[PDB]
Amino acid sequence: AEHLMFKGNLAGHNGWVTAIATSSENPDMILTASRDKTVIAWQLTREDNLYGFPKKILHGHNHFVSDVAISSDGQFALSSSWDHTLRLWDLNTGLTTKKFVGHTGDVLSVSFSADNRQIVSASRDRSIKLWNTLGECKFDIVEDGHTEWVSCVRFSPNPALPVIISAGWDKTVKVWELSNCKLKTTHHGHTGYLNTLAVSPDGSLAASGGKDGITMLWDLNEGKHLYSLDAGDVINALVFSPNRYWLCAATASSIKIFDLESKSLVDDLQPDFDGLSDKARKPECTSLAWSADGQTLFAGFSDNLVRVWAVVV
């Protein structure tokens, strides 16, 4: 029987866990970003009492950390912050090697290209910027750009159509051709602002989500909308499983796991909140990541914890 099985918590942050990153290079490590202004590198022990412990606490941002990524070689962390900057960290030394300065508003998203030669980020300043790995901004994508905050930006891993995808508070999803940085497609359809966006491991699908409870799937090869899945509530985070045809949506109320083959619901994760139900709103899941091999789901929450589920059968 295959299904997510609660395995434990990672405790250590002192603010909402806002992003989680994972890599094949070290499967025993997790990176988490937080409103406590730190990134933590966790060592996973997978023991029953502690699933893991914080191994390194990366200090330096002056405001909420909003997103984090790991280099393909697993040795560098890349994070964005409401303090207007990105930072590249050496995970061996735990120090920042490069600061990316240039945005003029809160940075809400950051990501590595497949080959790690390019870095892309999105900000409240309504721009998308491309950097190199030395911290130099190489292009400012504004033309025909979003007219509100840009909340999430990602690369397509499809070698044939090199694009970046962005979602914004203008309720649209935009596809940009990477070669010249010109707008390729604007997708309309969402009725509310968007928090998040994820791309298929084969780069055929993009999923977008936000204030309307609806996650919409867009065909990156062809023109347009494919279908929509109704999550129950405001969508905080979206991620595709790397090794199953599944799409997970973290909402205010729950974590829904959608089977894409059937459009059916695989699971609805609602953790037992170790506290109470007295004049208190159940903590929201604010971030999601799969392990590289797709056997472990990590979920960050507004009660400062990471919660871990292990695919069982």
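All residue numbers refer to positions in the sequence shown, first residue = 1.
- Of the two segments, 164 to 172 and 138 to 146, the one listed with the higher mean B-factor is 138 to 146 (C-alpha atoms only).
- Checked against the record, the higher mean CA B factor of 222 to 230 and 98 to 106 lies with 222 to 230.
- Reading the B-factor column for the CA atoms of 260, 285, 68, 280 in the entry, the top value corresponds to 260.
- Each of 181, 235, 86, 77 has a CA temperature factor in the record; the biggest one is found at 181.
- The deposited CA B-factor of residue 192 belongs to the highest third of values across its chain.
- Residue 186: CA B factor lies in the middle third for its chain, per the PDB record.
- Remark: residue 93 belongs to the highest third of its chain, ranked by C-alpha B-factor as recorded.
- Sorting the modelled residues of the chain by their CA temperature factor places residue 125 in the lowest third.
- Per-chain ranking of the deposited C-alpha B factor places residue 36 in the lowest third.
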